[PDB]
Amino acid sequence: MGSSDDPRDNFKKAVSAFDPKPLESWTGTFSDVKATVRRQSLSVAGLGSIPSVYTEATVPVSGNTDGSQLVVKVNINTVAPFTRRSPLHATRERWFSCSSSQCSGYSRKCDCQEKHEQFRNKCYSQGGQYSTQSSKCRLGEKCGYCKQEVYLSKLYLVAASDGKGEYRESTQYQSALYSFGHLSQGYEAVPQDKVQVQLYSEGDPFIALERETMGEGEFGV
């Protein structure tokens, strides 16, 4: 194990190691739409402008759906072909679980009613709908969840080096966006007629920044 006492050190090392030259060859198609290699610059306070390179295409939803899923066939030079299916629409549930941190009373017998009530009221203030599951909301209970409807707008994909100078879909990163799971994508509040698809390499500073800043895009609390 290793870790620096400088919070930005891991990020700086990633920036130094980043070689975008192979990515210039990332031409091809996304579901038969012509891809374009894009060179962007990140602005990171104290570190300046940072290169980032991805290949992208806008895929129409029409003609690229399989039931409720957008079907993205990645056919990019030097990247082993792969498909991502991603839901056009998701129902995002954020659950309130009663934990000791928000529990009122004697440890073994506490409940989170006040904090749950706040969470429920917060949901409605954010335009969500709430489902209450446990009113008593005792320690360890799943008390309820806030529900939001979202629609895929920007799909982030990640490729990793193979051993051999080319690329394949990343194992570790199912998205370039923190927290890097398959539903860590760009969403909007209403249905979309097209989706922007962006393919990054694992070592891109965009992904490093997402990681080292926990999605915030900048360092600091």
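Start at 1 and count along the sequence shown; that's the residue number.
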query: Mean C-alpha temperature factor, higher of 64-72 and 180-188; finding: 64-72
query: Of 22-30 and 192-200, the stretch whose C-alpha atoms average the higher B-factor in the entry; finding: 22-30
query: Out of 84, 89, 142, 115, residue topping the C-alpha B-factor column of the entry; finding: 142
query: Ranked against its chain, the third holding the CA B-factor of residue 150; finding: lowest
query: Residue 9 - which third its CA temperature factor falls in, relative to the rest of the chain; finding: highest
